[PDB]
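For the sequence shown, counting from 1, position 4 maps to 4 in PDB author numbering; every step adds exactly one.
The C-beta atom is built at its ideal place from N, Cα and C for all residues, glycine as well.
Worksheet for the structure shown next.
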Amino acid sequence: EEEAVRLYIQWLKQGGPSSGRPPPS
């Protein structure tokens, strides 16, 4: 369900969008 996105929520939590960082690297 949340998988394949859950990893990427970690990206959201690390300030991805805000910094311009690539999704789960």
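* Look at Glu-1 and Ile-9 and say whether their C-beta atoms are less than 9 Å apart. => With contacts defined as CB atoms closer than 9 Å, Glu-1 and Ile-9 fail to qualify as a contacting pair.
* Does the beta-carbon distance from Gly-16 to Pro-22 come in below 9 Å? -> The answer is yes: Cβ separation under 9 Å.
* Give a yes or no on whether 9 Å exceeds the smallest Cβ distance from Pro-23 to chain C. => Any reference to chain C falls outside this structure, which holds one protein chain only.
* Where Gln-14 sits in the DSSP three-state scheme -> Coil at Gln-14, not helix or strand.
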